[PDB]
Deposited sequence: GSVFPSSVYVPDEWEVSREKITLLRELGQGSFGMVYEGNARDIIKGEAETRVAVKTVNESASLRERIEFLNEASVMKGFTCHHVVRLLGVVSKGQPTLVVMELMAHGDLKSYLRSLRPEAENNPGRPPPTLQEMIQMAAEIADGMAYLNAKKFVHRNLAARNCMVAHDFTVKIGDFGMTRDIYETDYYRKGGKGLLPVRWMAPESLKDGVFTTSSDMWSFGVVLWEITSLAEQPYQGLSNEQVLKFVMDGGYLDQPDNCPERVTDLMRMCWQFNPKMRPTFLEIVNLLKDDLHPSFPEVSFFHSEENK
C-alpha cells in the first residue's frame, strides 16, 4: 500500500510530448514538467507509466519503486524528479537522458549507420570517461546495498552533455551473465563487475552482439567452461586490461566498482570530483 508524500506532483503540471519506448510497467514518454526543480521554469522529462492491463498490486509496486528512488542522489544514476499516484494512470517522472540508451547511441556512431550524427566514434578519453561514470553509478548502487543484475549498454543512458548514467535496475540475458550466475543463479556486485566488462566490450565494439555466431546454449557452455569475449579490432590496451580484470573466473578476484574509479580518476574531465560518488563525503 502506497501513501502520497512530499515528492508528489500535480497531474496537470506534466505535458507528454511523445513515446520513447516500452518499460517494465508500461510505456515511457518524453515530456516537459512545469516547476519540478527549483530555479528551473521547465524541465525535459522521461515519464514512466503503468499500462491499463496491469493489476492494482502492480500499480502499488510501481509506486514502491518510486519511494526507493527518493533516497538516490547520485549524478551517475538516472534520478527521480516526482510522482503522480492520485487517479489514473499512475506516473513516475524521471530526468530525461536526451541521447537515450548507450547501445542505440553506440550503433549510431558506426560508419554504416543511417542515423550517423556526423560525429566520430568514442575517443580513448571518452571511453575512459564513460567507464568511470558507469563504475561510479554502480559503486553508488553497491553502497546503497543494491545488486543491478541486468547491467548492459541497452540499460545505460546518455545525457545531453554525453554523461553516461545507470538507468533502470533490479530493485535470461546469458551473453552478459557471470559464470557463477549461469551455473548457481548467484547475483552479487562481483557478477555486476563481469557485466561491466561486457559493457566495456560493447563500448569498444560499438554495440556488436556479444558472442555473435554462438547460440544461447553455446554461450552458457563456453562461459561456464572459463571462456570470455575476444577483444574487438583496435581496442585500446587500457580498456582491454579493465575487461580482463572483470572476467576473472573466481568472483573474489574481480575488482570492486570503487577500485575501477580509483584506477581511472587521474584521466577524467575536471568536473568529475565535483559530481562523483567516489569523491563525495558519502564515500567512506
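Missing from the model relative to the deposited sequence are positions 1-7, 179-195 (no C-alpha coordinates, numbering from 1).
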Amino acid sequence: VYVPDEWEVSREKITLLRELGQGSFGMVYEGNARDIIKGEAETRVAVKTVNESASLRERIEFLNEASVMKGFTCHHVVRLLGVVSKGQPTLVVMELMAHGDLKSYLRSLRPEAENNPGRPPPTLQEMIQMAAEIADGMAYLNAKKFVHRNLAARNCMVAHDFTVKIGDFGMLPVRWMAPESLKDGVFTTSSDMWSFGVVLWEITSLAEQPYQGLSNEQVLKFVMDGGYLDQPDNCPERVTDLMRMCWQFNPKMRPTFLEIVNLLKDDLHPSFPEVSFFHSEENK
From here on, numbers count along this sequence of modelled residues.
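The mean C-alpha temperature factor is higher for 53-61 when 239-247 and 53-61 are set side by side. The question of which stretch, 258-266 or 6-14, has the higher mean Cα B factor is settled in favour of 6-14. Per the deposited record, 87 carries the highest C-alpha B-factor of all listed residues (100, 87, 167, 210).
The PDB entry assigns its highest CA temperature factor, among 113, 156, 74, 193, to 113. Compared with the other modelled residues of the chain, the Cα B-factor recorded for residue 137 ranks in the lowest third. In the deposited entry, the Cα temperature factor of residue 197 sits in the bottom third of values across the chain's modelled residues. In the PDB entry, residue 175 places in the middle third of its chain by CA B-factor. Per the deposited record, the Cα B-factor of residue 107 falls in the middle third when ranked against the other modelled residues of its chain. In this PDB entry, the Cα temperature factor of residue 130 sits in the bottom third of its chain's modelled residues, the lowest group.
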